[PDB]
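Here the structure is laid out as structure tokens; the discussion comes afterwards.
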Amino acid sequence: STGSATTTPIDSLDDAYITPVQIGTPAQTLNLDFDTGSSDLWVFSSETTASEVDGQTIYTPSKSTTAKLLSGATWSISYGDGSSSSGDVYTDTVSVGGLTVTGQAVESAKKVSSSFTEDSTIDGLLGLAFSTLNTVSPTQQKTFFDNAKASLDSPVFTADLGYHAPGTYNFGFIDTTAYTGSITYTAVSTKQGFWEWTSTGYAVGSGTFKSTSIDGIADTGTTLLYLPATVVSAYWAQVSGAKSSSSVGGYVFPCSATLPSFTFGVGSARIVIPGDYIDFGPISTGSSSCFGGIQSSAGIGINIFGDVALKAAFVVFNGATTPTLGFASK
Ligand SMILES: Oc1cccc(CNc2ccccn2)c1
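Quick note: to get mature numbering (1 follows the signal peptide of the UniProt record, and there is no 0), add 69 to the position in the sequence shown (first position is 1).
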């Protein structure tokens, strides 16, 4: 089997991407944030505290003839930005782009933090990291990809995120029309539960490439590119008037600037992030200070190749017995 679904930016900044997902019988379609940096499929639901729902579409298990309470199971997750959610668990039929999993754990939110409530466009998350990170207790649950893997034509999914435009998530096949050149594959460590790999270095604009190992994760659920402070300082030093602002919480730059590109290495290959991809616009409406798309990872404990980096490539998440990542230009 295979599946193919379009993923769409939630706003004009590409702050996140939403993909329609069918849950239950008859289908209830919710728009979920596919997140290769976590491993829980959770949704706004009829059980979510009413004051914490503001415009989201909810899953109602009592209206699904295939829903079954997973008795005794609870879940609770906190993400790296301080957001969180928790609740109980059903199993139900879940389909993505024509690919169907029966008995998928659907984690029903009883509580969500303010950042989720305030984002009316995101109806939940669909985790695509390794199932060892799943938070369901006392019986850990498998991701949608882990459950589908054996049925897929090939044990892979691909992320093809757009810049200010829709893109695609495919399951079970590699669309050879969706990229240019060849795909360069690189080793993955699953020891922390992430799609963790080592970039071979970077360049700023037309500058020379610096060969240096940068360990980080491929994370579709994080907006920005978070890298070591040395690398990020070298980038922003090329933008007149750019500075790190403690009050804003990162690097800002004059909105009148033209940003340089940023290149990262994948083995001997190179992925170029155009400068425009690094502009996240005014810090507040009408401000002439703009927020940068490359930020320091120093406070996080891991480097994160988020959407800013991944949307410059066609990315293969290879879930063979020894997992690997593939990157191609497009
Ligand atoms: O580790 C991180 C460090 C900084 C920012 C983020 C954001 N990532 C999220 C937020 C909510 C849901 C999924 N991913 C993660």
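Using N, Cα and C, we set each Cβ at its ideal position, and we do this for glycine too.
Item: Where the alpha helix (DSSP H) containing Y304 begins and where it ends; Value: 298-305
Item: Any beta strand (DSSP E) of 3 or more consecutive residues that is wholly inside the region 139-164; Value: none
Item: Three-state secondary structure (DSSP) of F374; Value: strand
Item: Length-filtered (3 minimum) beta strand (DSSP E) runs lying within the region 253-301; Value: 253-256, 265-273, 279-287, 294-296
Item: Exposure label - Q125; buried when at least 16 CB within 10 Å; Value: buried
Item: Presumed contact (8 Å Cβ cut-off) between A85 and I92, rounded CB distance; Value: 19 Å between Cβ atoms; not a contact.
Item: Short Cβ contact (9 Å threshold) for residue 36 with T201; Value: Only positions 70 to 399 of the chain appear in this structure, which leaves residue 36 out of reach.
Item: Close-in-space but distant-in-sequence residues of the same chain around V170 (CB under 8 Å, 5 per side omitted); Value: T162, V163, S164, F213, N216, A217
Item: Rounded C-alpha distance that separates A256 from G285; Value: 12 Å
Item: Alpha-carbon spacing of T393 relative to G241, whole angstroms; Value: 15 Å
Item: Check: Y346 C-beta below 8 Å from any heavy atom of ligand 1; Value: no
Item: Whole beta strand (DSSP E) elements within the region 85-149, 3-residue minimum; Value: 86-92, 97-104, 110-112, 137-147
Item: Buried versus exposed, by CB contacts within 10 Å (16 or more), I369; Value: exposed
Item: The region 173-191 contacting the region 122-142, beta-carbon criterion three pairs below 8 Å; Value: yes
Item: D150 beta carbon near ligand 1 (any heavy atom closer than 8 Å); Value: yes
Item: Proximity to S325 [Cα-Cα], best of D348, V335, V341, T292; Value: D348
Item: DSSP-derived helix/strand/coil call for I347; Value: helix
Item: Alpha helix (DSSP H) segment containing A217, residue limits; Value: 213-217
Item: Whole-angstrom distance between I371 and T292, CA atom to CA atom; Value: 15 Å
Item: Under the three-state DSSP convention, the category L82 falls into; Value: coil
Item: Cβ-Cβ distance between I352 and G149 below 9 Å; Value: no
Item: Three-way DSSP call (helix, strand, coil) for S206 in this model; Value: strand
Item: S365 in three-state terms, based on DSSP; Value: strand
Item: Closest Cα partner of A136 within the set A378, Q307, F396, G172; Value: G172
Item: Close Cβ partners of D345 (< 8 Å) along its chain, the five nearest in sequence each way excluded; Value: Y232, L328
Item: Residue span of the alpha helix (DSSP H) that contains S183, given as start and end; Value: 183-186
Item: Reduced DSSP category for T76 - H, G, I as helix; E, B as strand; rest coil; Value: strand
Item: For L168, three-class secondary structure by DSSP; Value: strand
Item: Reduced DSSP category for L195 - H, G, I as helix; E, B as strand; rest coil; Value: strand
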